[PDB]
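Note sheet for the following structure.
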Amino acid sequence: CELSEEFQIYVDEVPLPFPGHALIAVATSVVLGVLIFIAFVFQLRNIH
Amino acid sequence: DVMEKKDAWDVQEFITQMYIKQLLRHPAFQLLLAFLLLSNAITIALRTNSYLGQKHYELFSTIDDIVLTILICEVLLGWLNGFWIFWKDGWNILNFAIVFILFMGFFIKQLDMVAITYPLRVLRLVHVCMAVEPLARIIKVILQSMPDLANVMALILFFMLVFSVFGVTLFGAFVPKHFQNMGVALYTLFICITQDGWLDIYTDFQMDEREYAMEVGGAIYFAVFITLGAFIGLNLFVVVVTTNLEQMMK
Amino acid sequence: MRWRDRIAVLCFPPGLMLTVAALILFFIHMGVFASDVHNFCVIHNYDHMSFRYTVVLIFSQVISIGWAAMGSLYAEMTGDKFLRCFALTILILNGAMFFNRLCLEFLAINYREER
Amino acid sequence: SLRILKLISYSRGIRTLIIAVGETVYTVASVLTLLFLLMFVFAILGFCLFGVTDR
Amino acid sequence: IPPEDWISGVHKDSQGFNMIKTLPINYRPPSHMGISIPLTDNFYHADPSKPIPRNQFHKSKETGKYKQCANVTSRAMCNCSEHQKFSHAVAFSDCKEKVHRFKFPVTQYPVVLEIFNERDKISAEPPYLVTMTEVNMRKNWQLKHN
Ligand SMILES: CC(C)CCC[C@@H](C)[C@H]1CC[C@H]2[C@@H]3CC=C4C[C@@H](O)CC[C@]4(C)[C@H]3CC[C@]12C
Ligand SMILES: *[C@@H]1O[C@H](CO)[C@@H](O)[C@H](O)[C@H]1NC(C)=O
Ligand SMILES: *[C@@H]1O[C@H](CO)[C@@H](O)[C@H](O)[C@H]1NC(C)=O
Ligand SMILES: *[C@@H]1O[C@H](CO)[C@@H](O)[C@H](O)[C@H]1NC(C)=O
């Protein structure tokens, strides 16, 4: 006779797939970039 | 001189002057980078503990991405001034290698594990901290002293080989498992050169013929050799240190 | 000079062209954003939505942002307000479109694949 | 023992020796920081080499 | 997990983690093309009286077969029993509500099998080779064995 069994497993709290990590990294990178560049433009324009 | 109207290359040199004015002379940007690196160092010290990492693993991944992207942004900004000068530098090669290994292990699958991710981060911690002045002189003179350390190390190893021939004549298959295997024998001799706790070895070859045997001879030869070599090595170390440090004092 | 000849050859005047490249990057990225929104809303054809090219067009996004910035900086010294307004408007629209696509991709996260 | 340290706070000759050796505080602090960094490096290396495997 | 907290469904493992979860109404397991689109045609907590969740897109709506909780009106109309409240098998899943829970990376989950032999209970033997299947067409699991 066929001895078989079945069971169920629920898992949760996936931290993040790949695009979430990619998005937060590039978002912080470009935020730093635009902040430094706004400072650059402000200084170089106010010298003139 | 008077410079009635600037040209294209004066404009380019001026632009590079503002580019090196920030993030290379401003203490604020370097202070922020050091603050971020000390924060991720604190999170590194918060590891070796899963009870903390269960609510922190996602945040650890995010701050890993943040420090990696600011590192590669710094490397790209350094490459902006020119690839030749960044390639031809004494120390920027190390930061480039660090970020290259870290990014290669990050984006592409790798067997690098924490044993690569964390030591590379603390190497970057060191490379940031030496730029702030009051340890730069000591690290500079350490790297100035090491080429003079090299000859002392080479002479010590050569002398230890030419005395390890005399060693291995009375070694192997008798008082074994530390005098055998000809490289484990060499490293046990090195252990005794470091001169701590060889009384286990002293009891190892003890009771050869319970009064003198070779229990006298091999022990006294190896002991006088050990004490002479240990004194010579420790001296040569401290004297090379002070010799290369006098170069600092000039 | 002979803009004529400027546009003549060998290469071209300063920057400029490098600024108008961000414009055509904005054109193509706006088209891709429109296709993404159109496929998300009505037709529901996730088979051919841009789930597949994910990081490479984000890298295109970021190099376009840096390019528009560098063009603005390299074109500001002409002393004329119109060029500065041109470059700053392009920078603002590129930044807005980047943030919009970042929000869109962060929203549609349960639809690509799972790790 | 802190009170004994306050006892030894006298003896101006010890004060002159302290003055002569007190400019090395920055140097010993720098070497202590170097020791701490190297200790941290090999701490994480040793944990990842022998503590992570848990055998 | 004790049966009284199986009925209650609010158990905690002394650390802040819910050890039991009641599944959403008209739930289907995710598919490969996305975790918000069902293509598995097997219904858990099947109830026809309520509208269908997570069921945009054509192939999602072209699947899902109500086996036990059929066109008899709803979950209280589609009567089940206790043996359908503990059967971890398929085709009894229309009245499956409460399942277990786990952290995200499970590690070394013990799949231990025992056999009754009319006198005692023994373990599965090396002559008794075993095959694995997932009945919802998923591909992000693996087994360690020697
Ligand atoms: C190479 C530089 C200039 C960046 C330009 C990127 C271009 C070449 C990329 C980015 C957006 C891309 C398109 C995005 C969406 C679609 C529809 C999809 O169902 C198949 C791929 C397809 C048809 C892509 C083809 C290539 C494409 C147009
Ligand atoms: C109602 O349920 C019966 C039971 O199987 C089924 O045969 C029949 O087709 C169903 N009718 C409709 C309209 O769904
Ligand atoms: C129990 O369910 C069966 C079909 O699932 C149905 O035929 C029967 O009438 C139900 N009994 C009651 C009391 O509802
Ligand atoms: C499976 O897990 C058990 C319990 O930890 C362990 O003893 C056994 O070695 C594991 N087997 C394999 C193949 O990993």
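Note that chain B carries Swiss-Prot numbering, so the residues on display, from first to last, are 42-291.
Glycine residues also receive a Cβ, built from the backbone N, Cα and C atoms like all the rest.
Copied from Swiss-Prot, the annotated features are:
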- B:67-88: transmembrane segment (TRANSMEM)
- B:89-98: topological domain 'Extracellular' (TOPO_DOM)
- B:99-125: transmembrane segment (TRANSMEM)
- B:126-129: topological domain 'Cytoplasmic' (TOPO_DOM)
- B:130-153: transmembrane segment (TRANSMEM)
- B:157-175: transmembrane segment (TRANSMEM)
- B:176-188: topological domain 'Cytoplasmic' (TOPO_DOM)
- B:189-212: transmembrane segment (TRANSMEM)
- B:213-222: topological domain 'Extracellular' (TOPO_DOM)
- B:223-234: intramembrane segment (INTRAMEM)
- B:235-255: topological domain 'Extracellular' (TOPO_DOM)
- B:256-283: transmembrane segment (TRANSMEM)
What counts of helix, strand and coil residues does DSSP assign across the topological domain 'Cytoplasmic' (B:176-188)?
12 helix, 0 strand, 1 coil
Could you name the stretch, out of B:67-88, B:99-125, B:189-212, B:256-283, with the greatest number of CB pairs under 8 A to the transmembrane segment (B:157-175)?
B:67-88
Which of B:67-88, B:130-153, B:189-212 contacts the transmembrane segment (B:256-283) most, counting Cβ pairs under 8 Å:
B:189-212
Write out how many residues of the topological domain 'Extracellular' (B:89-98) are helix, how many strand and how many coil, based on DSSP.
5 helix, 0 strand, 5 coil
Just to be sure I understand, if DSSP states are collapsed into helix, strand and coil, how many residues of the topological domain 'Extracellular' (B:235-255) fall in each?
8 helix, 0 strand, 13 coil
Positions whose Cβ lies under 8 angstroms from the topological domain 'Extracellular' (B:235-255), at least six residues beyond its ends:
211, 216, 219, 229, 267, 271
Under an 8 Å Cβ to Cβ limit, what residues of the same chain, 6 or more beyond the ends of the transmembrane segment (B:189-212), are close to it?
220-221, 223, 226-227, 230-231, 234, 255, 259, 262-263, 266, 270, 273-274, 277-278, 281, 284-285
Against which stretches of its own chain does the topological domain 'Extracellular' (B:213-222) lie, if we need a Cβ under 8 Å and a gap of at least six residues from its ends?
229, 242, 245-246
